file run.cif (mmCIF, C-alpha atoms)
data_structure
loop_
_atom_site.label_atom_id
_atom_site.label_comp_id
_atom_site.auth_asym_id
_atom_site.auth_seq_id
_atom_site.Cartn_x
_atom_site.Cartn_y
_atom_site.Cartn_z
CA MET A 1 0.00 0.00 0.00
CA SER A 2 2.41 2.71 1.22
CA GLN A 3 5.55 2.00 -0.81
CA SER A 4 4.36 -0.94 -2.91
CA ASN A 5 1.63 0.73 -4.93
CA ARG A 6 3.56 3.97 -4.98
CA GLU A 7 6.35 1.90 -6.49
CA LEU A 8 3.91 0.27 -8.90
CA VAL A 9 2.51 3.45 -10.35
CA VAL A 10 5.94 5.01 -10.71
CA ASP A 11 7.02 1.99 -12.74
CA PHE A 12 3.88 1.91 -14.91
CA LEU A 13 3.95 5.67 -15.47
CA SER A 14 7.56 5.39 -16.49
CA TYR A 15 7.20 2.43 -18.87
CA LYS A 16 4.22 4.23 -20.35
CA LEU A 17 6.25 7.46 -20.67
CA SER A 18 8.77 5.30 -22.47
CA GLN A 19 6.68 3.36 -25.02
CA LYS A 20 5.74 6.64 -26.74
CA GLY A 21 9.31 7.96 -26.82
CA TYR A 22 9.60 10.85 -24.34
CA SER A 23 11.61 11.74 -21.23
CA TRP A 24 11.29 10.42 -17.65
CA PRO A 25 7.38 -11.57 -6.49
CA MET A 26 7.13 -7.76 -7.10
CA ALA A 27 9.38 -6.90 -10.01
CA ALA A 28 7.34 -9.77 -11.44
CA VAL A 29 4.16 -7.92 -10.53
CA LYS A 30 5.36 -4.84 -12.42
CA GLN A 31 5.85 -6.67 -15.73
CA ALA A 32 2.61 -8.59 -15.38
CA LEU A 33 0.85 -5.20 -15.08
CA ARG A 34 2.71 -3.77 -18.07
CA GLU A 35 1.48 -6.52 -20.30
CA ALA A 36 -2.15 -6.13 -19.15
CA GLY A 37 -1.47 -2.45 -19.67
CA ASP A 38 -0.70 -3.02 -23.32
CA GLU A 39 -3.25 -5.79 -23.83
CA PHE A 40 -5.99 -3.30 -22.75
CA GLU A 41 -4.76 -0.25 -24.59
CA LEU A 42 -4.42 -2.47 -27.65
CA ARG A 43 -7.97 -3.83 -27.47
CA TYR A 44 -9.32 -0.27 -27.16
CA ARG A 45 -7.91 1.85 -29.95
CA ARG A 46 -10.61 4.43 -29.33
CA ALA A 47 -7.57 6.73 -29.34
CA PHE A 48 -8.69 7.10 -25.74
CA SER A 49 -10.21 10.04 -27.65
CA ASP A 50 -12.41 10.50 -24.58
CA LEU A 51 -9.66 12.39 -22.69
CA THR A 52 -7.36 13.14 -25.62
CA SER A 53 -9.30 16.41 -25.46
CA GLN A 54 -11.58 16.61 -22.37
CA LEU A 55 -9.51 16.97 -19.17
CA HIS A 56 -6.18 17.17 -21.11
CA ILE A 57 -4.75 17.92 -17.65
CA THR A 58 -5.91 21.41 -16.67
CA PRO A 59 -2.81 23.55 -15.89
CA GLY A 60 -2.88 22.85 -12.16
CA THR A 61 -6.18 20.97 -11.82
CA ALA A 62 -7.69 19.49 -8.68
CA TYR A 63 -7.38 15.92 -7.43
CA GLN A 64 -11.05 16.08 -6.53
CA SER A 65 -11.61 16.50 -10.27
CA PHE A 66 -9.51 13.41 -11.01
CA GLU A 67 -11.07 11.34 -8.22
CA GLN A 68 -14.48 12.48 -9.42
CA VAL A 69 -13.84 10.79 -12.78
CA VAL A 70 -12.17 7.52 -11.88
CA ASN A 71 -15.09 7.00 -9.48
CA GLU A 72 -17.22 6.53 -12.60
CA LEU A 73 -14.92 3.78 -13.79
CA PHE A 74 -15.41 1.95 -10.49
CA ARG A 75 -19.07 2.89 -9.93
CA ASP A 76 -20.61 -0.57 -10.54
CA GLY A 77 -18.00 -2.16 -8.28
CA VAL A 78 -14.40 -3.45 -8.55
CA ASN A 79 -12.47 -6.13 -10.45
CA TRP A 80 -8.97 -6.48 -11.92
CA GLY A 81 -10.10 -5.65 -15.42
CA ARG A 82 -11.42 -2.38 -14.02
CA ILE A 83 -8.09 -1.89 -12.26
CA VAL A 84 -5.68 -2.19 -15.15
CA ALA A 85 -8.04 0.28 -16.84
CA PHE A 86 -7.48 2.76 -14.03
CA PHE A 87 -3.77 2.26 -14.70
CA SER A 88 -4.02 2.40 -18.51
CA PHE A 89 -6.16 5.47 -18.20
CA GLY A 90 -3.66 6.96 -15.75
CA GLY A 91 -0.81 6.72 -18.20
CA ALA A 92 -2.83 7.89 -21.19
CA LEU A 93 -3.55 10.91 -19.07
CA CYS A 94 0.10 11.32 -18.12
CA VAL A 95 1.14 11.03 -21.76
CA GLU A 96 -1.24 13.62 -23.22
CA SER A 97 -0.91 15.89 -20.19
CA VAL A 98 2.86 16.12 -20.65
CA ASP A 99 3.10 15.89 -24.47
CA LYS A 100 0.49 18.64 -24.52
CA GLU A 101 2.20 20.71 -21.79
CA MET A 102 5.62 20.37 -23.29
CA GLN A 103 4.70 21.50 -26.80
CA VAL A 104 3.30 24.69 -25.35
CA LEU A 105 6.26 25.53 -23.09
CA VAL A 106 8.49 25.08 -26.12
CA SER A 107 6.19 27.37 -28.09
CA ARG A 108 6.15 30.07 -25.42
CA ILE A 109 9.93 30.04 -25.26
CA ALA A 110 10.26 29.74 -29.06
CA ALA A 111 8.30 32.93 -29.51
CA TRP A 112 10.43 34.73 -26.99
CA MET A 113 13.56 34.05 -29.04
CA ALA A 114 12.28 34.68 -32.57
CA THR A 115 10.96 37.97 -31.24
CA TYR A 116 14.16 39.06 -29.57
CA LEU A 117 15.75 38.66 -32.98
CA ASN A 118 13.35 40.50 -35.29
CA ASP A 119 13.38 43.20 -32.61
CA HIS A 120 17.00 43.63 -31.55
CA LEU A 121 19.16 41.50 -33.77
CA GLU A 122 17.77 41.54 -37.35
CA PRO A 123 18.95 45.16 -37.67
CA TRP A 124 22.59 44.16 -37.01
CA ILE A 125 22.27 40.74 -38.55
CA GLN A 126 21.20 42.42 -41.83
CA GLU A 127 23.84 45.12 -41.86
CA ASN A 128 26.55 42.42 -42.00
CA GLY A 129 25.83 40.43 -45.15
CA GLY A 130 23.41 38.27 -43.21
CA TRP A 131 23.18 34.56 -42.50
CA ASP A 132 25.21 33.99 -45.64
CA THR A 133 27.97 35.79 -43.83
CA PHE A 134 27.63 33.61 -40.73
CA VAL A 135 27.95 30.42 -42.72
CA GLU A 136 30.95 31.94 -44.54
CA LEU A 137 32.70 32.11 -41.21
CA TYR A 138 31.22 29.54 -38.83
CA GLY A 139 30.75 26.93 -41.56
CA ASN A 140 32.47 23.55 -41.75
CA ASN A 141 33.97 23.96 -38.30
CA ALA A 142 36.47 25.93 -36.24
CA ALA A 143 39.69 24.06 -37.05
CA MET B 1 13.34 38.10 -40.27
CA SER B 2 9.63 37.17 -40.24
CA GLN B 3 9.68 33.51 -41.28
CA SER B 4 13.42 32.95 -41.65
CA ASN B 5 14.54 33.49 -38.07
CA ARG B 6 11.31 32.02 -36.77
CA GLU B 7 12.24 29.00 -38.85
CA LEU B 8 15.79 29.09 -37.51
CA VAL B 9 14.91 29.05 -33.86
CA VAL B 10 12.34 26.31 -34.33
CA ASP B 11 15.03 24.17 -35.94
CA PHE B 12 17.68 24.92 -33.29
CA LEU B 13 15.23 24.43 -30.43
CA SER B 14 14.22 21.13 -31.93
CA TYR B 15 17.73 19.78 -32.59
CA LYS B 16 18.61 20.87 -29.08
CA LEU B 17 15.48 19.14 -27.69
CA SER B 18 16.75 16.11 -29.55
CA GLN B 19 20.43 15.87 -28.54
CA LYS B 20 19.39 15.31 -24.91
CA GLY B 21 16.78 12.66 -25.76
CA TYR B 22 13.31 14.14 -25.16
CA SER B 23 10.13 14.84 -27.16
CA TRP B 24 9.42 17.57 -29.74
CA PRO B 25 21.45 28.44 -48.73
CA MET B 26 19.13 28.15 -45.64
CA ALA B 27 18.92 24.50 -44.70
CA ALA B 28 22.68 25.01 -44.92
CA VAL B 29 22.40 27.90 -42.50
CA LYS B 30 20.57 25.68 -40.00
CA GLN B 31 23.33 23.05 -39.83
CA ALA B 32 26.08 25.66 -39.70
CA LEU B 33 24.32 27.08 -36.61
CA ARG B 34 23.92 23.65 -35.03
CA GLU B 35 27.61 23.02 -35.18
CA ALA B 36 28.48 26.42 -33.66
CA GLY B 37 25.77 25.53 -31.18
CA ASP B 38 27.66 22.45 -30.10
CA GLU B 39 31.12 23.97 -30.47
CA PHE B 40 30.09 26.65 -27.91
CA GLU B 41 28.24 24.44 -25.47
CA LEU B 42 31.23 22.11 -25.62
CA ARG B 43 33.80 24.81 -24.86
CA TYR B 44 31.72 25.94 -21.86
CA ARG B 45 30.94 22.96 -19.67
CA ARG B 46 30.05 25.30 -16.84
CA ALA B 47 26.96 23.07 -16.77
CA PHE B 48 25.41 26.37 -17.79
CA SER B 49 24.98 26.10 -14.00
CA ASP B 50 24.14 29.80 -14.13
CA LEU B 51 20.51 29.11 -15.18
CA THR B 52 20.36 25.42 -14.33
CA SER B 53 18.86 26.88 -11.16
CA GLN B 54 18.23 30.66 -11.44
CA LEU B 55 15.37 31.39 -13.88
CA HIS B 56 14.63 27.64 -14.43
CA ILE B 57 11.65 29.01 -16.40
CA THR B 58 9.19 30.47 -13.89
CA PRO B 59 5.79 28.76 -14.37
CA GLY B 60 4.43 31.40 -16.73
CA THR B 61 7.18 34.03 -16.53
CA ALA B 62 7.37 37.33 -18.40
CA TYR B 63 9.16 38.02 -21.69
CA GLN B 64 10.34 41.29 -20.17
CA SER B 65 12.20 39.08 -17.69
CA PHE B 66 13.80 37.10 -20.51
CA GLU B 67 14.61 40.20 -22.59
CA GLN B 68 16.02 41.80 -19.45
CA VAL B 69 18.63 39.03 -19.23
CA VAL B 70 19.73 38.50 -22.81
CA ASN B 71 20.28 42.27 -22.92
CA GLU B 72 23.21 41.64 -20.57
CA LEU B 73 24.69 39.20 -23.04
CA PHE B 74 24.58 41.87 -25.75
CA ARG B 75 25.35 44.88 -23.53
CA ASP B 76 28.88 45.61 -24.84
CA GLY B 77 27.64 45.33 -28.43
CA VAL B 78 27.00 42.57 -31.00
CA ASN B 79 28.97 39.89 -32.87
CA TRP B 80 28.30 36.36 -34.14
CA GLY B 81 30.02 34.74 -31.20
CA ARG B 82 27.59 36.60 -28.97
CA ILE B 83 24.76 35.43 -31.23
CA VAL B 84 25.29 31.69 -31.17
CA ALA B 85 25.49 32.18 -27.40
CA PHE B 86 22.02 33.70 -27.40
CA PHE B 87 20.95 30.57 -29.28
CA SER B 88 22.91 28.10 -27.11
CA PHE B 89 21.55 29.81 -24.05
CA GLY B 90 18.05 29.69 -25.54
CA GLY B 91 18.11 25.94 -25.90
CA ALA B 92 19.75 25.31 -22.54
CA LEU B 93 16.84 27.25 -21.15
CA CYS B 94 14.33 25.28 -23.20
CA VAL B 95 15.89 22.01 -22.07
CA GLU B 96 15.89 22.67 -18.32
CA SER B 97 12.57 24.51 -18.46
CA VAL B 98 10.85 21.47 -19.98
CA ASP B 99 12.84 18.65 -18.31
CA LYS B 100 12.12 20.45 -15.04
CA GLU B 101 8.44 21.09 -15.87
CA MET B 102 7.82 17.59 -17.07
CA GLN B 103 9.22 15.80 -14.03
CA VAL B 104 6.85 17.77 -11.85
CA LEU B 105 3.70 17.20 -13.92
CA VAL B 106 4.50 13.50 -13.81
CA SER B 107 4.94 13.75 -10.04
CA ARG B 108 1.67 15.60 -9.51
CA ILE B 109 -0.19 12.99 -11.53
CA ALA B 110 1.80 10.12 -9.97
CA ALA B 111 0.66 11.17 -6.53
CA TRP B 112 -2.93 11.37 -7.65
CA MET B 113 -2.88 7.70 -8.65
CA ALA B 114 -0.94 6.15 -5.77
CA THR B 115 -3.35 7.98 -3.49
CA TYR B 116 -6.50 6.82 -5.21
CA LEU B 117 -5.25 3.32 -4.55
CA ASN B 118 -4.26 3.42 -0.89
CA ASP B 119 -7.57 5.22 -0.39
CA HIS B 120 -10.14 3.35 -2.47
CA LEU B 121 -8.51 0.28 -3.91
CA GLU B 122 -6.06 -1.21 -1.35
CA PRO B 123 -9.06 -2.32 0.73
CA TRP B 124 -10.41 -4.47 -2.14
CA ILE B 125 -7.01 -5.27 -3.57
CA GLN B 126 -6.06 -6.80 -0.18
CA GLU B 127 -9.24 -8.76 0.37
CA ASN B 128 -8.51 -10.76 -2.80
CA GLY B 129 -5.14 -12.40 -2.21
CA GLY B 130 -3.42 -9.28 -3.48
CA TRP B 131 -1.00 -8.57 -6.30
CA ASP B 132 0.04 -12.21 -6.12
CA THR B 133 -3.49 -12.96 -7.19
CA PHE B 134 -3.33 -10.54 -10.13
CA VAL B 135 -0.18 -12.10 -11.48
CA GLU B 136 -1.77 -15.55 -11.01
CA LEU B 137 -4.42 -14.50 -13.48
CA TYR B 138 -3.07 -11.75 -15.73
CA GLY B 139 0.41 -13.26 -15.91
CA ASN B 140 2.12 -14.59 -19.03
CA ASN B 141 -0.63 -13.27 -21.28
CA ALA B 142 -4.28 -13.67 -22.23
CA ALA B 143 -4.06 -16.52 -24.74
#
call {"tool": "encode", "arguments": {"input": "run.cif", "output": "structure tokens"}}
result
Amino acid sequence: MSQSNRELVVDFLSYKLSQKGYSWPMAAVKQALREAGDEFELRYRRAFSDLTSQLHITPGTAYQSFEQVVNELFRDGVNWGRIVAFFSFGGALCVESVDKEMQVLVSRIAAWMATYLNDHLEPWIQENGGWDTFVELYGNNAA
Amino acid sequence: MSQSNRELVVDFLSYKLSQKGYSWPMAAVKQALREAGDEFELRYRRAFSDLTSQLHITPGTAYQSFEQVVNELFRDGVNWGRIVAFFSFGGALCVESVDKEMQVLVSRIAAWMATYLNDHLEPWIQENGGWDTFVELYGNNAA
């Protein structure tokens, strides 16, 4: 419970943050869950479209919001099938969430740079031949 | 300027978001800048410690903050060496920024799950043999 489930989730969230190339018995238990993780996500290629847009992970949402949802999963009752789901869903949320929060951060910071150029540096950049000049110098290497 | 620098940054920010394995003439110009990007970051292994802690990318900072810094780079005046820097620095900021903003999001969401277990599911999970039971069933595959 304390540091057995905590350790489970961490593993599953990692493996799932792997699979779709991004950053990041017992050990037996972990693998066994991975497989059922894939076996379920495979069977349901509904692009998990449900949340691939809905919650998307509100920038600093509330656990009560999360809990409020999952409850629906488990409404009827509880079984293992319904549990891997919880897991599979958890990752799918962690994947979007990040992938969708990373692309924006990058954007934000991308703007910041492009701007700083067109505003301060294009003047000077232009007065000196331009990017053709750069490449004339810094091209091929330093040597 | 408009869609020439914009296109430059995007490329450099991408290549730099590559290098350190994460998500994501002219074409000549892009490569030439990449190299000088590496050649500079190589020469200065100061872990770019300067910002690997300072600005770290405040959760929703202000461009005026950014601009306020870079200005210091360019204070004395302007040259190409000082420009790749601006670029190199830009990426280094984009790398931390994300890498540091991703690890947290993951955390936040990791907690949420581990909790939901110890709170709602450990009761039921325990009453049924436990994770040893899971693996008894969902182990090896479905077949």
call {"tool": "residues_around", "arguments": {"input": "run.cif", "residues": "residue B:78", "least_positions_apart": "6", "cutoff": "12 Å", "atoms": "all atoms listed in the file", "output": "VMD selection string"}}
result
(chain A and resid 120 to 125 127 to 128) or (chain B and resid 70 to 72 84 to 86)
call {"tool": "residues_around", "arguments": {"input": "run.cif", "residues": "residue B:141", "least_positions_apart": "2", "cutoff": "9 Å", "atoms": "all atoms listed in the file", "output": "PyMOL selection string"}}
result
(chain A and resi 32+35-36+39) or (chain B and resi 137-139+143)
call {"tool": "closest_residue", "arguments": {"input": "run.cif", "among": "B:104, B:69, B:98, B:27", "to": "chain A", "atoms": "all atoms listed in the file"}}
result
B:98
call {"tool": "interface_residues", "arguments": {"input": "run.cif", "of": "chain A", "to": "chain B", "cutoff": "8 Å", "atoms": "all atoms listed in the file", "output": "PyMOL selection string"}}
result
chain A and resi 1-2+5-6+9-10+13+21-25+28-29+32-33+35-36+63+66-67+78+80+90+94+97-99+101-103+105-106+109-114+116-118+122+124+131-132+134-135+138-141
call {"tool": "atom_distance", "arguments": {"input": "run.cif", "atom1": "atom CA of residue A:96", "atom2": "atom CA of residue A:45"}}
result
15.1 Å
call {"tool": "atom_distance", "arguments": {"input": "run.cif", "atom1": "atom CA of residue A:88", "atom2": "atom CA of residue A:15"}}
result
11.2 Å
call {"tool": "closest_residue", "arguments": {"input": "run.cif", "among": "B:68, B:52, B:58, B:18", "to": "residue B:89", "atoms": "all atoms listed in the file"}}
result
B:52
call {"tool": "build_atoms", "arguments": {"input": "run.cif", "residues": "stretch 11-33 of chain A", "atoms": "N, CA, C and O atoms", "output": "compact mmCIF listing (two decimals), in the frame of the given file"}}
result
# COMPACT_ATOMS: atom_id res chain seq x y z
N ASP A 11 6.57 2.86 -11.67
CA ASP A 11 7.02 1.99 -12.74
C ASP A 11 6.11 2.09 -13.97
O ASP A 11 6.57 2.39 -15.07
N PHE A 12 4.81 1.84 -13.79
CA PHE A 12 3.88 1.91 -14.91
C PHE A 12 3.88 3.27 -15.60
O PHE A 12 3.83 3.35 -16.82
N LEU A 13 3.92 4.36 -14.84
CA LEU A 13 3.95 5.67 -15.47
C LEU A 13 5.24 5.84 -16.25
O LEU A 13 5.28 6.51 -17.27
N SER A 14 6.32 5.25 -15.77
CA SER A 14 7.56 5.39 -16.49
C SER A 14 7.45 4.60 -17.79
O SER A 14 7.49 5.18 -18.87
N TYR A 15 7.30 3.29 -17.68
CA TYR A 15 7.20 2.43 -18.87
C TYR A 15 6.25 3.01 -19.91
O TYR A 15 6.48 2.87 -21.10
N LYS A 16 5.19 3.65 -19.45
CA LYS A 16 4.22 4.23 -20.35
C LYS A 16 4.74 5.57 -20.90
O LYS A 16 4.32 6.02 -21.97
N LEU A 17 5.66 6.21 -20.18
CA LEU A 17 6.25 7.46 -20.67
C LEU A 17 7.40 7.10 -21.59
O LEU A 17 8.01 7.95 -22.23
N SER A 18 7.73 5.81 -21.60
CA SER A 18 8.77 5.30 -22.47
C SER A 18 7.98 5.03 -23.75
O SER A 18 7.79 5.92 -24.56
N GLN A 19 7.49 3.80 -23.88
CA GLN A 19 6.68 3.36 -25.02
C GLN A 19 6.53 4.41 -26.13
O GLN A 19 6.95 4.19 -27.27
N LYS A 20 5.92 5.54 -25.79
CA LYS A 20 5.74 6.64 -26.74
C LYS A 20 6.88 7.63 -26.57
O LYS A 20 6.67 8.76 -26.15
N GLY A 21 8.09 7.17 -26.90
CA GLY A 21 9.31 7.96 -26.82
C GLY A 21 9.38 9.39 -26.30
O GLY A 21 9.36 10.35 -27.08
N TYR A 22 9.48 9.54 -24.98
CA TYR A 22 9.60 10.85 -24.34
C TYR A 22 10.67 10.77 -23.26
O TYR A 22 11.51 9.87 -23.27
N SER A 23 10.64 11.71 -22.32
CA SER A 23 11.61 11.74 -21.23
C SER A 23 11.18 10.83 -20.07
O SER A 23 10.46 9.85 -20.28
N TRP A 24 11.63 11.17 -18.86
CA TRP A 24 11.29 10.42 -17.65
C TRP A 24 12.06 10.97 -16.44
O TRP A 24 11.46 11.48 -15.49
N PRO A 25 6.86 -11.71 -5.12
CA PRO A 25 7.38 -11.57 -6.49
C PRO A 25 7.88 -10.14 -6.80
O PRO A 25 9.07 -9.92 -6.98
N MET A 26 6.94 -9.20 -6.84
CA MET A 26 7.13 -7.76 -7.10
C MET A 26 7.60 -7.27 -8.45
O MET A 26 6.79 -6.79 -9.24
N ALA A 27 8.89 -7.33 -8.70
CA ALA A 27 9.38 -6.90 -10.01
C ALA A 27 8.56 -7.71 -11.02
O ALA A 27 8.30 -7.26 -12.13
N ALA A 28 8.16 -8.91 -10.61
CA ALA A 28 7.34 -9.77 -11.44
C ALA A 28 6.02 -9.03 -11.66
O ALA A 28 5.58 -8.80 -12.79
N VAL A 29 5.41 -8.65 -10.54
CA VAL A 29 4.16 -7.92 -10.53
C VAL A 29 4.19 -6.76 -11.53
O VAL A 29 3.26 -6.59 -12.31
N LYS A 30 5.26 -5.97 -11.51
CA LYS A 30 5.36 -4.84 -12.42
C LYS A 30 5.19 -5.24 -13.89
O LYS A 30 4.36 -4.67 -14.60
N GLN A 31 5.95 -6.23 -14.35
CA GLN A 31 5.85 -6.67 -15.73
C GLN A 31 4.43 -7.13 -16.01
O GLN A 31 3.78 -6.64 -16.93
N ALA A 32 3.96 -8.09 -15.22
CA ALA A 32 2.61 -8.59 -15.38
C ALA A 32 1.59 -7.45 -15.61
O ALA A 32 0.66 -7.59 -16.39
N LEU A 33 1.77 -6.32 -14.92
CA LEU A 33 0.85 -5.20 -15.08
C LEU A 33 1.10 -4.48 -16.39
O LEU A 33 0.17 -3.96 -17.01
